[PDB]
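Novice:
Residue numbers (the entry's author numbering): 311 to 425.
1. Does the region 324 to 331 come close enough to the region 360 to 369 to have 3 or more Cβ pairs within less than 8 Å?
2. Leaving out five residues before and five after residue 395 in sequence, what residues of the same chain have Cβ atoms less than 8 Å from its Cβ?
3. So within the region 330 to 389, which uninterrupted alpha helix (DSSP H) runs reach at least 4 residues, ignoring any that extend past its ends?
4. Do the region 375 to 385 and the region 333 to 341 make contact, defined as three or more Cβ pairs closer than 8 Å?
5. On the three-state DSSP scale, how would you describe residue 326?
6. Got a sec? Which residues, its chain only, sit under 7 Å from residue 319 by beta carbon, not counting five neighbours each side?
7. Rounded to the nearest angstrom, what separates residue 415 and residue 409 at their Cα positions?
8. Using the rule of at least 16 other Cβ atoms within 10 Å of the residue's Cβ for burial, across every protein chain shown, is residue 349 buried or exposed?
Printed below as a string of structure tokens:
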């Protein structure tokens, strides 16, 4: 139905906690010219914190889409991944995360007693 018990749009907002977005003035305070294995970030994009790219796709995908995950449109997510900069594969695992939810079935409290 229109409601899917706490849709996933409620999950992406929880990651907003981290972002560090606000380059006002003096982003860094002086730096050593002899950097080592600290990061060495280069022109090639790199990945690390999964939560960092989690929020980005939150404003990409359509809320209507979040309400109905079963509507996985391979074409719609294609363009969307480009907007987020990641890819459909990273969104496929994201849904696969709720697969883990099936693991909940190991506990499946429910009731198991209609009468």
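A virtual CB, placed ideally from N, CA and C, is assigned to each residue, including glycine.
Specialist: Straight from the coordinates:
1. yes
2. 355, 363 and 366
3. 360 to 370 and 373 to 377
4. no
5. coil
6. 373 and 376
7. 11 Å
8. exposed
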